[PDB]
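Novice: Partial complex follows, first chain(s) only, in situ:
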Amino acid sequence: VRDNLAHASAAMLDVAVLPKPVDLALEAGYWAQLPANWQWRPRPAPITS
Amino acid sequence: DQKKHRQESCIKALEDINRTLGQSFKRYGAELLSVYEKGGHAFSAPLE
């Protein structure tokens, strides 16, 4: 799974979106996938629609 | 053991780099140089 994570990081860096693996908020992120969970999102950053 | 850990980390990283360069040199006719055997002995291609 770490090998796949490094592969996915390489893939994202190939398309110019610098990714950083989530380390402290692993559980918060994993509970941020279920829809209707804003209180658990690690990094909400506003963007154009 | 941690020397070994650094070992696989570096090998995997460089092997990904090699795959990416190979895929990026499709029109450049690139060829990664690697060990070839002559007469029951190991002859290095990069070392030459």
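Specialist: Structure received. Residues are numbered from 1 along each chain as shown, chains lettered A, B, ... in the order given.

Novice: interface residues of chain A facing chain B?
Specialist: Contacts of chain A with chain B, taken as Cβ under 8 Å from any Cβ of the partner chain, map to A:3, A:6-7, A:10. All C-beta atoms are positioned from the backbone trio N, CA, C, and that covers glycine.

Novice: ok, and the closest non-adjacent residue to residue A:38?
Specialist: Nearest residue to residue A:38, sequence neighbours excluded (Cβ to Cβ, 6 or more residues apart in numbering or on different chains): residue A:44, at 7.5 Å.

Novice: ditto for residue A:41
Specialist: Using Cβ to Cβ, 6+ apart, the closest residue to residue A:41 is residue A:32 (4.6 Å).

Novice: Over to residue A:25?
Specialist: Distances taken as Cβ to Cβ, 6+ apart place residue A:42 nearest to residue A:25, at 4.4 Å, with adjacent residues excluded.

Novice: Okay, and that neighbour sits in which element?
Specialist: For residue A:42, there is no helix or strand it lies in under DSSP states H and E.

Novice: Was I right to think it contacts residue A:28?
Specialist: Yes - judged on Cβ atoms under 8 Å, residue A:42 makes contact with residue A:28 at a distance of 5.7 Å.

Novice: Looking at chain B, what residue ends up closest to chain A?
Specialist: Nearest residue of chain B to chain A, counting by Cβ to the nearest Cβ: residue B:16, 6.4 Å away.

Novice: Can you classify that residue as helix, strand or coil?
Specialist: Recorded secondary structure, residue B:16: helix (DSSP: H, G, I helix; E, B strand; the rest coil).

Novice: Further, place chain C onto the existing structure:
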Amino acid sequence: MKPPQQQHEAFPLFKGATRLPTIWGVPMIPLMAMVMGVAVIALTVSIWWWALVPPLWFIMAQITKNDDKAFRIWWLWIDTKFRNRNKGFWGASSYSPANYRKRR
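Specialist: Chain C added:
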């Protein structure tokens, strides 16, 4: 392969992203936490201790400027993976699937 790429026609993305509401360059919620902490110290031990503000406030400004949302990650970790009691027994933090709400 090469799925659709860019040719400078890409939709602009402005760097107003995560430009959090900040006073002096520091977000409200963590700075209020520092204000509460320093006020506690001042009321507890001594009153000369509103000099504890500028050092940690400057370190927080340097932390926020580099990595705008460190404090949200900090609070999420503290709330979830720090509270979970049986971290040692399981070898990892785990939550029981069956809802044992202590009822019977």
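
Novice: Quick one: the strands in chain C, in order.
Specialist: C:22-23, C:26-27 (DSSP state E).

Novice: now those strands as JSON lines including distance to chain A?
Specialist: JSON lines is the format used below for the strands of chain C (distance: least, Cβ to the nearest Cβ, whole Å):
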{"stretch": "strand C:22-23", "distance to chain A": "14"}
{"stretch": "strand C:26-27", "distance to chain A": "13"}
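
Novice: who wins for proximity to residue C:87 among the ones you listed?
Specialist: Among the strands of chain C, the nearest to residue C:87 by Cβ to Cβ is strand C:26-27 (29.4 Å).

Novice: Now do that closest one: which elements does it pack against?
Specialist: Judged by 3 or more Cβ pairs under 8 Å, 6 or more residues apart in numbering or on different chains; DSSP states H and E, strand C:26-27 is in contact with helix C:53-66.

Novice: The strands of chain C: which one's closest to residue C:100?
Specialist: Distance to residue C:100, taken as Cβ to Cβ, is lowest for strand C:26-27 among those, at 38.0 Å.

Novice: Identify the neighbouring strands of that closest one in the sheet and state each direction.
Specialist: strand C:22-23 (antiparallel) (DSSP bridges).

Novice: picking that back up, which of the strands of chain C is buried the deepest?
Specialist: Of all the strands of chain C, strand C:26-27 has the most neighbours on average by mean count of other Cβ atoms under 10 Å in any protein chain shown, namely a mean of 20.

Novice: who touches that one?
Specialist: Identification of contacts with strand C:26-27 by Cβ atoms under 8 Å, 6 or more residues apart in numbering or on different chains yields C:20-21, C:57, C:60-61, C:64, C:71.
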